[PDB]
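Values reported hereafter were calculated over all heavy atoms of this structure, with side chains retained and with hydrogens, waters and symmetry mates removed. A note on names: the letters A, B, ... follow the listed sequences, proteins ahead of strands, and every chain is numbered from 1.
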There are 4 protein chains.
Amino acid sequence: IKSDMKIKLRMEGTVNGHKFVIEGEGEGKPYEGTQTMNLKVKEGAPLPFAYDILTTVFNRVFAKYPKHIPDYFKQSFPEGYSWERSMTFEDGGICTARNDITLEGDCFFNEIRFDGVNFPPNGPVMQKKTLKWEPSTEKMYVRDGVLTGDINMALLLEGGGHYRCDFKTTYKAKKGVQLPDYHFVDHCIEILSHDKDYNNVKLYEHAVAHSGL
Amino acid sequence: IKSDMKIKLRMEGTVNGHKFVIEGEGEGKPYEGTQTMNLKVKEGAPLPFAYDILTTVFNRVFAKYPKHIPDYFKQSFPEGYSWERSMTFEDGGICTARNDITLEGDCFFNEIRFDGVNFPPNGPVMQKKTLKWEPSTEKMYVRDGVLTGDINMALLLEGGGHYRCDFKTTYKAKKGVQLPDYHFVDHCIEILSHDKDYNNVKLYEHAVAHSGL
Amino acid sequence: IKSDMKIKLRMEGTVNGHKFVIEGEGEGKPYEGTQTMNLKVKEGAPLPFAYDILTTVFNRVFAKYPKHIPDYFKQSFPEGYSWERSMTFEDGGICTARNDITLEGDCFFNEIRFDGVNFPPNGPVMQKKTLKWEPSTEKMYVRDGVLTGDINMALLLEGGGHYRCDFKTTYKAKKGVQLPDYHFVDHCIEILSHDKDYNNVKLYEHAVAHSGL
Amino acid sequence: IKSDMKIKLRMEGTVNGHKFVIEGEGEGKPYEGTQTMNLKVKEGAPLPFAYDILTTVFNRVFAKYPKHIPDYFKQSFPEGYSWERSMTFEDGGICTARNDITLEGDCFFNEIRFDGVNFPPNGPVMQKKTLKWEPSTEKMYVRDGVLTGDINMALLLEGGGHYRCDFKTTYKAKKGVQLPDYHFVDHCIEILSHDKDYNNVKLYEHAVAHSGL
């Protein structure tokens with residue numbers, strides 16, 4: 001894991017019955033906790049739901065970990081790691097997602113599956129009324145020998161107000177690593193640019209681990 | 001929809017990272033609320049998780065509806081209907097599932113996707129310690145012009161005790177149908193026979209709609 | 001526990017900051033699974049929230065248990081039992097409640113505490129837009145040597161539609177009793193009459209235990 | 001609200017049927033985001049449950065708010081504010097709590113009610129196996145004209161591992177105040193000293209508001 005790394009991904013999913021495929025190519029700085037990616041809808045264009053529900057699915061290797069907190073993710077390579085996540089929205093929408101992350105040369109490959117169910121037809125996801133995710137702080141703790149992260153996430157909505165989602169992600173190293181004590185990862189994710197129907201999206205994330213107050 | 005109907009299905013899914021395909025062929029009696037199916041694992045054998053998590057995913061057409069409760073499901077054909085479901089287990093395991101149900105001649109075809117995440121590695125699902133689902137009563141109510149069913153489900157476990165799961169299923173007719181008032185559907189599902197690793201399973205369900213006490 | 005029993009109760013609670021006391025006197029038939037009660041607001045009249053949230057707090061002794069299902073509740077007397085319940089509404093409202101049930105002569109005394117928080121100010125509870133609870137089926141199972149009941153409950157709302165609440169009640173006998181296997185209790189509760197601000201309410205419940213389909 | 005303020009409180013509650021009263025006296029620095037309190041069990045000693053479940057119930061006035069984030073709490077006085085909270089533990093334990101906060105001279109008075117239900121008898125709360133709350137980051141957002149804070153909280157347990165609780169607190173000013181945009185409050189709470197059965201406890205909290213990464 002070098003100061004500069006490339007990223008490639010493929011997501012296949014279904015949300016509200018709508019099948020899609022998205023591919024991404026980007027780059028990031030693992031030790032600065034930053035990454036940027038260009039994403040293209042390859043099947044199912046135009047997506048009928050809020051693109052924002054996908055974006056946090058598009059790798060905690062890209063998080064700046066201070067010396068005092070063991071870095072579960074960077075420690076996991078070359079073998080790498082996978083994660084699974086549930087996203088429980090406050091109106092009963094539920095998404096499941098996974099990523100199997102491999103490293104070849106200077107490039108992370110991401111094999112992703114995303115599924116979304118029970119979104120109300122007049123809700124902000126199906127009506128595409130989301131603006132952005134707010135920054136967040138993920139709570140990281142060991143459970144059954146692997147790392148779990150829980151996050152209170154919120155989408156800022158058109159015309160004001162927020163739409164809440166609770167994330168639970170289970171991260172699993174493919175080798176033994178030094179496990180961290182309870183800690184936090186601050187995140188900020190943003191769509192830098194997109195075209196009209198989000199067929200093309202440029203995405204960015206900054207993340208930094210810390211020990212709280 | 002005749003007194004006797006055939007059923008065919010294909011499920012593709014991933015649970016705990018493990019990819020699989022299962023195909024099923026069966027028959028049922030829509031007006032008696034009964035059905036039986038033979039299921040075969042076509043890819044991913046042997047499944048590393050409790051087969052029981054799948055079984056309720058393997059069609060509320062097969063539910064005996066009395067004259068006084070509009071039958072959302074039978075009314076929906078020939079066009080048919082689809083459903084989406086989240087299954088929230090008490091230990092944080094979450095599954096998402098969907099079925100798109102079509103009718104050709106005397107045969108229902110079921111296109112199914114199933115995804116499971118966040119199952120604890122020492123839990124009853126990953127350790128295959130489930131015996132059966134208990135019978136249940138699904139609560140059916142209209143929400144946003146479509147039908148929602150919520151169920152408090154429980155797996156009876158090896159060595160006693162239960163493992164709870166909450167189902168929320170959204171059922172969507174592909175045409176206009178007379179919508180029912182709040183009602184119930186009693187269910188009982190059972191694996192009639194299986195081989196050692198559940199590569200072959202014979203499954204049965206009985207369901208009856210009612211208006212409660 | 002005779003064919004006819006009297007009931008007296010006192011509830012103290014706070015909902016949305018509003019303190020109240022309600023007292024009740026009634027009668028029921030334990031073996032027929034029926035009871036009726038007259039309730040009077042003694043402090044905090046007029047209640048600023050939907051009275052319906054209280055009613056299921058105003059004793060599973062009054063449930064008709066068939067010979068084949070051990071009756072945890074009737075078995076518990078003369079010593080009696082207590083219960084605790086959480087009520088999780090779909091809009092984030094949460095109530096907690098408890099009842100300590102004693103028997104003196106032919107009369108059950110009920111010491112009740114009820115607390116409600118996080119109800120949205122424009123929601124159906126604070127705006128008093130509830131009509132009734134729908135009938136329900138409670139799922140009963142043993143957990144840690146005591147009985148747990150889970151219920152998918154729904155309030156029918158003014159102008160149509162439902163408002164969902166999930167009940168979890170833990171029932172604790174004050175002596176050893178034969179524990180039942182997994183079973184169900186059907187319920188129907190209804191306000192028979194009330195005055196304008198629900199200062200006076202006549203309430204009824206019918207409940208019957210069964211083994212499902 | 002001065003650089004130094006006094007605090008007095010009274011909590012009445014019931015957890016697992018066990019009634020108690022606790023009184024507290026302390027002091028804090030509202031603009032430094034710190035406070036300390038001495039708490040005494042006045043009724044129900046010795047408490048049969050983990051004292052830690054109470055501690056975050058023992059005032060966001062004591063949070064350091066930077067100039068760029070409107071301070072909902074400090075703005076609310078002299079009239080003051082109240083809050084309600086639900087605490088949803090991962091094993092089904094649920095607590096409800098409220099605080100009505102008044103200011104007289106240099107002293108905040110806190111009228112508190114706390115109720116806890118559905119705690120498993122062999123769980124860490126009833127078995128008193130909690131060590132401390134981990135630091136946290138509360139997510140603050142406006143909803144229905146008032147402020148809501150959600151927190152992923154975790155108790156560190158004896159012998160390792162964590163026990164998760166999700167907090168939702170609704171904060172209500174008793175006058176009009178400038179409402180803040182989405183923000184965060186970092187918290188750290190600690191028991192500085194206690195006697196054997198927690199009849200006497202010295203408690204401390206540090207909290208700082210921020211805008212995330």
Side-chain angles (χ1 to χ4, degrees), chain B residues 134 152 154 160-162 164, chain C residues 1-3 5-11 28-33 35 56-87 96-114 138-151 167-187 205 207-211, chain D residues 14-19 48-49 91-94 115-123 125-127:
Chain B
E134 295 289 0
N152 289 324
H162 288 86
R164 285 271 293 105
Chain C
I1 299 180
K2 314 196 287 263
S3 71
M5 302 287 283
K6 290 173 54 261
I7 309 158
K8 296 195 191 200
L9 76 74
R10 177 177 173 97
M11 165 183 285
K29 298 180 167 288
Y31 304 94
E32 299 185 9
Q35 60 184 136
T56 66
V57 178
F58 299 139
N59 178 3
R60 205 71 54 264
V61 161
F62 300 92
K64 179 172 164 150
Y65 265 88
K67 322 184 277 284
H68 71 282
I69 304 171
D71 188 335
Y72 187 82
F73 308 97
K74 293 196 182 76
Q75 288 182 270
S76 81
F77 290 85
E79 293 85 334
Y81 78 103
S82 60
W83 60 253
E84 288 185 327
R85 175 176 305 159
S86 63
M87 296 169 59
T96 53
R98 58 181 70 262
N99 190 359
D100 184 46
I101 308 186
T102 53
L103 178 56
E104 277 258 304
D106 74 337
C107 189
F108 293 106
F109 291 76
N110 302 254
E111 182 192 335
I112 289 164
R113 174 79 213 169
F114 187 98
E138 178 170 25
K139 279 66 185 306
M140 292 287 209
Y141 58 100
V142 171
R143 173 67 62 91
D144 302 313
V146 297
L147 193 56
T148 304
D150 292 321
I151 322 177
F167 279 23
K168 180 176 292 301
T169 311
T170 299
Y171 305 97
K172 293 177 168 183
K174 291 173 179 184
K175 69 197 264 190
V177 298
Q178 177 171 13
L179 297 172
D181 293 343
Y182 198 92
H183 67 280
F184 309 90
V185 183
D186 292 343
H187 296 264
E205 188 209 351
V208 180
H210 63 90
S211 299
Chain D
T14 304
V15 169
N16 202 61
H18 188 272
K19 300 183 175 72
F49 55 83
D91 63 353
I94 292 292
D115 292 275
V117 296
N118 288 346
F119 279 113
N122 307 309
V125 169
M126 291 317 299
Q127 296 292 315

- Does the side chain of C:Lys168 come under 3.5 Å of the side chain of B:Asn152 through a donor N or O and an acceptor N or O? no
- Closest heavy-atom contact between C:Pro66 and C:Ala209? CD-O, 3.4 Å
- Message: More than 12 heavy atoms of other residues, nucleotides or ligands under 6.0 Å from CD of C:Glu79: yes or no?
- Response: yes
- Item | Euclidean distance, D:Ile94 CD1 relative to D:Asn118 CG, rounded to 0.5 Å | 7.5 Å
- Message: Quick check on side chain to side chain donor-acceptor pair (under 3.5 Å): which of C:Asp150, C:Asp181, C:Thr148 does C:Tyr141 satisfy it with?
- Response: C:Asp150
- Indicate the ring-plane relationship of C:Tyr65 and C:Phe73, choosing parallel, tilted or perpendicular according to the 30° and 60° boundaries. tilted
- Evaluate side chain to side chain contact (heavy atoms under 4.5 Å, CB included) for C:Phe184 paired with C:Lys139, printing each intermediate quantity in order. CA-CA 5 Å; C:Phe184 309 90; C:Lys139 279 66 185 306; 3.9 Å; yes
- Distance in Å, C:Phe108 CZ paired with C:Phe77 CZ, rounded so as to fall on 0.5 Å steps: 5.0 Å
- Task: Report the distance from atom NZ of C:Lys64 to atom NZ of C:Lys29, rounding to the nearest 0.5 Å.
- Result: 12.0 Å
- Sub-3.5 Å donor-acceptor pair from the side chain of C:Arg143 to the main-chain atoms of C:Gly149, do we have one? no
- Side-chain donor/acceptor of C:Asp100 to backbone N/O of C:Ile112, under 3.5 Å: no
- Message: Quick check: closest heavy atoms across D:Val117 and C:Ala97, and the distance to 0.1 Å?
- Response: CG1-O, 3.9 Å
- Query: Can you tell if the side chain of C:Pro180 reaches within under 4.5 Å of the side chain of C:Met140, non-hydrogen atoms only?
  - Reply: no
- Under 4.5 Å between any side-chain heavy atoms of C:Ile7 and C:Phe62, yes or no? yes
- Query: What heavy-atom pair brings D:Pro120 and D:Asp91 nearest, and what distance separates the two atoms?
  - Reply: CD-OD2, 3.3 Å
- Is there side-chain contact between C:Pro70 and C:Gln75, with at least one heavy-atom pair below 4.5 Å? yes
- Message: Surrounding CG of C:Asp106 (heavy atoms of other residues, nucleotides or ligands, distance under 6.0 Å), is the total greater than 12?
- Response: yes
- Query: For the atom pair CZ (C:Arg85) and CE (C:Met87), what is the distance rounded to the nearest 0.5 Å?
  - Reply: 7.0 Å
- Hey, what do you get for CH2 (C:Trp83) to NZ (C:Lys172), rounding to the nearest 0.5 Å? 13.5 Å
- Task: Indicate yes or no: does C:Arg60 engage C:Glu138 in a salt bridge with an N to O separation below 4.0 Å.
- Result: yes
- Give the minimum heavy-atom separation between C:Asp186 and C:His210, together with the two atoms involved. OD1-NE2, 2.7 Å
- Item | Backbone N/O of C:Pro78 and side chain of C:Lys175: donor-acceptor pair under 3.5 Å | no
- Message: Between C:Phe58 and C:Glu205, is there a side-chain heavy-atom distance shorter than 4.5 Å?
- Response: no
- Query: Got a second to check how far C:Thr170's OG1 is from D:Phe119's CZ, nearest 0.5 Å?
  - Reply: 11.0 Å
- Item | Closest heavy-atom pair and its distance - C:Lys8, C:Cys107 | CG-SG, 3.7 Å
- Message: For C:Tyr81, is there any backbone N or O sitting under 3.5 Å from a side-chain donor or acceptor partner on C:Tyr171?
- Response: no
- Item | Closest non-hydrogen atom pair, C:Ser211 against C:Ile69 | OG-CD1, 3.3 Å
- Message: Determine whether a donor-acceptor pair (N or O, by modelled atom type, separation under 3.5 Å) exists between the side chain of C:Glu84 and the backbone of D:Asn16.
- Response: yes
